[PDB]
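Novice: Just passing along the structure, written as structure tokens.
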Amino acid sequence: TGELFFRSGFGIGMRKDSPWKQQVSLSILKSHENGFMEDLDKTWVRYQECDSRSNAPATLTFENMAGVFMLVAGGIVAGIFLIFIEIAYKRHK
Amino acid sequence: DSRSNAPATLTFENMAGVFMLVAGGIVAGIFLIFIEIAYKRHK
Amino acid sequence: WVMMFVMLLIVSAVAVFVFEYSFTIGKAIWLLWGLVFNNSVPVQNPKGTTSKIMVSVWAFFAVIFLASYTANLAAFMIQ
Amino acid sequence: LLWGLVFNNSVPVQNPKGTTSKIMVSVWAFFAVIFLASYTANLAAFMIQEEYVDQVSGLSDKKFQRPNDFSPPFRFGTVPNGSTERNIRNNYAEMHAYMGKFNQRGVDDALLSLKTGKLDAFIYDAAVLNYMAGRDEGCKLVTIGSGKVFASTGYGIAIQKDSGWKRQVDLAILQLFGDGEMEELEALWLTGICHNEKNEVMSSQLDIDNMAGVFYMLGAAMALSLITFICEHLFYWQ
Amino acid sequence: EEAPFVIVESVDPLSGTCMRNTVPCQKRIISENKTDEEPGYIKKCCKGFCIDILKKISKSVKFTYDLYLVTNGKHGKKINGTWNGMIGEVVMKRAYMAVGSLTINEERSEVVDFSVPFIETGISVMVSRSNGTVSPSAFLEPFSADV
Amino acid sequence: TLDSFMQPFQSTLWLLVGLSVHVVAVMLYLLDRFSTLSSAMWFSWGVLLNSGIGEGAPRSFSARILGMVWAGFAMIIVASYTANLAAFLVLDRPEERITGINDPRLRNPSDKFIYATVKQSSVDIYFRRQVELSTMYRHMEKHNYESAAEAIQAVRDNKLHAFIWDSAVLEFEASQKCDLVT
Amino acid sequence: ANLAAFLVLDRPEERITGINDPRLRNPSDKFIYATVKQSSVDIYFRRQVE
Amino acid sequence: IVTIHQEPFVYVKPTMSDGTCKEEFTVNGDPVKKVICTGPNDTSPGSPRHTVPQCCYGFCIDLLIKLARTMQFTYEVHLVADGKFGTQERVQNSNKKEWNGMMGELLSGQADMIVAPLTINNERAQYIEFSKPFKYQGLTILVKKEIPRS
Ligand SMILES: *[C@@H]1O[C@H](CO)[C@@H](O[C@@H]2O[C@H](CO)[C@@H](O)[C@H](O)[C@H]2NC(C)=O)[C@H](O)[C@H]1NC(C)=O
Ligand SMILES: c1ccc(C2(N3CCCCC3)CCCCC2)cc1
Ligand SMILES: *[C@@H]1O[C@H](CO)[C@@H](O)[C@H](O)[C@H]1NC(C)=O
């Protein structure tokens, strides 16, 4: 959450007054312009996302279906003995 | 008024959008009665 | 709502007019007041050709109207 | 009868004359109401919390690669002579060649051209564009995605070579980072007004583009009905 | 000058210089090419963000300064081994300091040097926000695909 | 609220749905030469309308499948209609509401906005004696008015974009005369 | 409407906005939060006065 | 080259029977480099002292390989002993103040480069020559989330 406040970037560091200074900086910066950095980005960091925000319109599933299909399944089997009595009820009058 | 959310009822301004067409349909069919009856006496 | 009801009266009068070309005004108004609300009560419809298109456009009014009512009503339970 | 009754009494039918049939159809109709109604809101709820997606993926997409092969191509240009085009003229030479057709001038003229439909895309520095969003009257302009960048560089202070002031200033700016007053400076200058989580505005009038699915379902139903007709007839006269 | 970093504004009509919270920068303009003018100079005042950070750094380490603008074009680029803009003005050992809106790249690091950056930036895409929404399969999305 | 018919559907849809009614009525008649024109057209144009009018039903097996899906077509559309209209009643624009001194909109005064205060009053003392707020005091002097009563009448029409004064005077003014707001 | 009302509302309770939430500046005993020892983050906090 | 352990940048895994570790492939199937990394084992080097070869693979070391192509040099990485980034403090109450942790080895004759998530700051920049940054970053907060209704 929130927003970043203390901002800076990681860096490669050497000892003071080394002959490798003036050449590494040119190379590392050159990588950004060519696009070599972005190729490595996709493969290692930004590849998997379970990030369906927060609103998340919920695709209602069969968990809801139990509360209604149980009722309808009752009627087909709770009427069978209601059938039995009424046809007999016709025979009784 | 207050409560800047402002949930407002609809009023007569929407009546014209519905009543005029259906009331217009009433007068649109008055002569249609005359037209169709003429067909019965035509053949 | 009174503007709705008076139009019920006028279209009932129009239906009476159409019949000149087993039907009663009570049955006609019952039909109309049924179709306005989800046509719940079964009713014997008239045999008039023009009256039938008239009640059809009335049903168009009924369906538009009702849907808006529902929608709008939500507007009021969440703000 | 029942398959039509599940959906607003739509089909006129003839009713069985029994009693247990009556109770069964009544309970099914009840199942009816809830199911239909529940479906209606849930759909309303879903369409309430939509998510707008811009009509582009990125600079690397084919939509910016072969403009000639699509609908009247995107009219997009950049202000010349900047560092932006030098990046373009070294990785997308053909795209740079196509660029010169419009060749915008300045910034404000480009913004106005975008507002009037003459232009439909723009490439320029990240820092300026992000600030330009929060100043316009209303909010009809937004960067792609979440403000993502495609070439991570930064501004700086350019000085003449080989002076100790290099060491002095370089060590000094980190002091300014240390105390966090640049947060105050940002809150005073580069902060923006609108664009609070991209709440979206409204869908309207639902033109043909979306109902294509239901129209295709109708056409498929007509086709399969005709196939069933021909199959039944050929099997029948035999 | 640029919109968010270096805003230019005319001086106060009464005193001669504008209000506080700024530094006076004087710019150069010359008359037509047929007849030119001898050091014709006009002063204005510049204020914004880079000006404030420069003032802070000057207060941090004691040294004075005086700001004067440039006229020969824009940011600058390499043509036939020559340079315009701020890079051109500093390559000839006549400026000694360039501030404002300078990007960073490969070539420029070979002529001038650079300090630690303080604002992340780069190349970005800006498009008009389409009026409408997205819903290719709206009518089927809710509820369930198995019930 | 716009117009009832036009606000939630584009004019293109009305033609396409309407013409299809005649279209979907056609092959129904053709499907009767497998093994009543006045009937078939009424059957379809009625069911979409959710009316209570109808005389007969199709008998051929070929049309039996087509009718079933045709009914489900109607329910989705009317459901689609009642859904978004609902979208209209819940969405509104923001922007104009400003948030006091902290708002960036009141620290770099462009030539589109004008402040306002009563001259030679308490408010002027608070600003000029501040330091970092001086950037707006310069824009402040060029438009200040003479007295309270004139200023309110000047903002009812588009002549002043904002006003600064006490709440105990403004609050009553907004509550009784309810064209404005704090 | 009732089922429509329930499916769209969440009543967001609270989240740590940043370094301005009074849930951190005036710490209670219901929150325990730490960093990595002898690290970059630790330097930033100690030098600050407020 | 001295590199501290980290989650997204330097993975560490034990080797296989033959001495190296088996080569695997990603969704693209392109080989991923497995340069030998000789770091200490266990959680802390306090009680034990064992040095065992492993192979470490990830993001930053690839930058080392790509950089080493232009500047022709060889390398042999090994992880730091203490396992902490490090800062400065006072010891024995004397006038001498020294660095401990990853920072120290660069200071006194045991390395010549650092490739790791080392943040730039005023104190460390006093005497070290940082090059240009290659990944702009920040620091934020994360907390547990709460399950919604059914
Ligand atoms: C971008 O740079 C080019 C340099 O080629 C500028 O073109 C010159 O503009 C000046 C200004 O009027 C003219 O006097 C020159 O004759 C132009 N030279 C050429 C070769 O066209 C161009 O103006 C610059 N773009 C902008 C917006 O200033
Ligand atoms: C009873 C009341 C209302 C309906 C609706 N139904 C939608 C399509 C058009 C027929 C009515 C669905 C529920 C929301 C109101 C509209 C069905 C049954
Ligand atoms: C560029 O330089 C070359 C030689 O250095 C010269 O002949 C040519 O005229 C120059 N052209 C421009 C446009 O500066």
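For the structure tokens, the naming scheme is as follows: chains receive sequential letters (A, B, ...) according to their order of presentation, residues are indexed from 1 within each chain, and ligands are indexed from 1 in presentation order.
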Produce as a PyMOL selection string the set of residues near ligand 1, where near means within 7 Å with only C-alpha atoms and all ligand atoms considered.

Specialist: (chain D and resi 79-81+105-106) or (chain E and resi 73)

Novice: Would you save the residues from that selection as a compact mmCIF listing (two decimals), in the first residue's frame, using C-alpha atoms?

Specialist:
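And here is the file that came out, selection11.txt:
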# COMPACT_ATOMS: atom_id res chain seq x y z
CA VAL D 79 8.87 17.57 -31.25
CA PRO D 80 12.22 17.37 -33.10
CA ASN D 81 15.79 18.10 -32.00
CA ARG D 105 6.09 21.86 -33.17
CA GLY D 106 6.48 22.78 -29.51
CA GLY E 73 18.25 26.89 -30.43

Novice: Taking only C-alpha atoms into account, which residues of chain B are within 9 Å of chain C, as a list in words?

Specialist: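 So the residues of chain B near chain C are residues 5, 6, 7, 8, 9, 10, 18, 19, 22, 23, 25, 26, 29, 30, 32, 33, 36 and 37 of chain B.
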
Novice: Would you mind listing the residues within 8 Å of ligand 2, counting only C-alpha atoms and all ligand atoms, as a list in words?

Specialist: residues 38, 63, 66, 67, 70 and 71 of chain C; 8, 33, 36, 37, 38, 40 and 41 of chain D; 50, 75, 76, 77, 78, 79 and 82 of chain F

Novice: Atoms to include: C-alpha atoms. Write the selected residues as a PDB file, in the first residue's frame.

Specialist:
ATOM      1  CA  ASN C  38     -46.089  -8.006 -15.251  1.00  0.00           C
ATOM      2  CA  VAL C  63     -42.068  -2.472 -19.953  1.00  0.00           C
ATOM      3  CA  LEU C  66     -41.121  -0.754 -15.033  1.00  0.00           C
ATOM      4  CA  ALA C  67     -37.601  -1.294 -15.806  1.00  0.00           C
ATOM      5  CA  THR C  70     -36.372  -0.828 -10.641  1.00  0.00           C
ATOM      6  CA  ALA C  71     -33.213   0.687 -11.676  1.00  0.00           C
TER       7      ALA C  71
ATOM      8  CA  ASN D   8     -40.851 -14.058 -17.836  1.00  0.00           C
ATOM      9  CA  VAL D  33     -37.926 -15.718  -9.590  1.00  0.00           C
ATOM     10  CA  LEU D  36     -33.858 -14.488 -12.813  1.00  0.00           C
ATOM     11  CA  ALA D  37     -33.624 -11.733 -10.429  1.00  0.00           C
ATOM     12  CA  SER D  38     -30.367 -12.764  -9.069  1.00  0.00           C
ATOM     13  CA  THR D  40     -30.214  -9.430 -13.159  1.00  0.00           C
ATOM     14  CA  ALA D  41     -28.404  -7.726 -10.394  1.00  0.00           C
TER      15      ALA D  41
ATOM     16  CA  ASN F  50     -43.454  -9.278 -22.836  1.00  0.00           C
ATOM     17  CA  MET F  75     -34.643 -11.594 -21.535  1.00  0.00           C
ATOM     18  CA  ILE F  76     -30.969 -10.701 -21.988  1.00  0.00           C
ATOM     19  CA  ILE F  77     -31.735  -7.482 -23.877  1.00  0.00           C
ATOM     20  CA  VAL F  78     -34.249  -6.151 -21.358  1.00  0.00           C
ATOM     21  CA  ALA F  79     -31.870  -7.218 -18.594  1.00  0.00           C
ATOM     22  CA  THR F  82     -32.129  -2.214 -16.945  1.00  0.00           C
TER      23      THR F  82
END

Novice: Please report, as a PyMOL selection string, each residue of chain C to which DSSP assigns helix (DSSP H, G or I) when run on this structure's backbone.

Specialist: chain C and resi 2-18+25-35+49-75

Novice: For residue 86 of chain D, please output as a ChimeraX atom specification all residues within 12 Å (counting only C-alpha atoms; exclusion window: fewer than 5 positions along the same chain).

Specialist: /A:33-34 /D:78-81,91-93,96,124 /E:76-78,103-107,123

Novice: Could you list the protein, DNA and RNA residues that have any atom within 7 Å of ligand 3, counting only C-alpha atoms and all ligand atoms, and write them as a PyMOL selection string?

Specialist: chain E and resi 79-81

Novice: Kindly assemble as a Markdown table a list of the chain G residues that lie within 12 Å of chain F, each paired with its nearest atom pair and their distance in Å to one decimal, using only C-alpha atoms, sorted first by chain and then by ascending residue number.

Specialist:
| residue | atom | partner | partner_atom | distance |
| --- | --- | --- | --- | --- |
| G:1 | CA | F:86 | CA | 10.7 |
| G:4 | CA | F:83 | CA | 10.5 |
| G:5 | CA | F:86 | CA | 11.9 |

Novice: Atoms to include: N, CA and C atoms. Write the selected residues as a PDB file, in the first residue's frame.

Specialist:
ATOM      1  N   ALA G   1     -33.076  -5.075  -5.752  1.00  0.00           N
ATOM      2  CA  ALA G   1     -32.134  -4.064  -5.301  1.00  0.00           C
ATOM      3  C   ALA G   1     -31.325  -4.547  -4.104  1.00  0.00           C
ATOM      4  N   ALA G   4     -28.640  -6.644  -5.210  1.00  0.00           N
ATOM      5  CA  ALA G   4     -27.735  -5.741  -5.911  1.00  0.00           C
ATOM      6  C   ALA G   4     -26.937  -4.890  -4.935  1.00  0.00           C
ATOM      7  N   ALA G   5     -27.584  -4.409  -3.872  1.00  0.00           N
ATOM      8  CA  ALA G   5     -26.892  -3.575  -2.898  1.00  0.00           C
ATOM      9  C   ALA G   5     -25.765  -4.339  -2.219  1.00  0.00           C
TER      10      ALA G   5
END

Novice: Please produce, as a Markdown table, a per-residue contact table for chain E versus chain A (criterion: any atom at most 6 Å away, only C-alpha atoms considered), showing the nearest atom pair and its distance in Å to one decimal, sorted by chain then residue number.

Specialist:
| residue | atom | partner | partner_atom | distance |
| --- | --- | --- | --- | --- |
| E:142 | CA | A:59 | CA | 5.6 |
| E:143 | CA | A:60 | CA | 5.3 |
| E:144 | CA | A:61 | CA | 6.0 |

Novice: Do you know which residues are at most 9 Å from residue 185 of chain D counting only C-alpha atoms, after dropping those on the same chain fewer than 5 positions away, and could you put them as a list in words?

Specialist: residues 190 of chain D; 49 and 52 of chain E
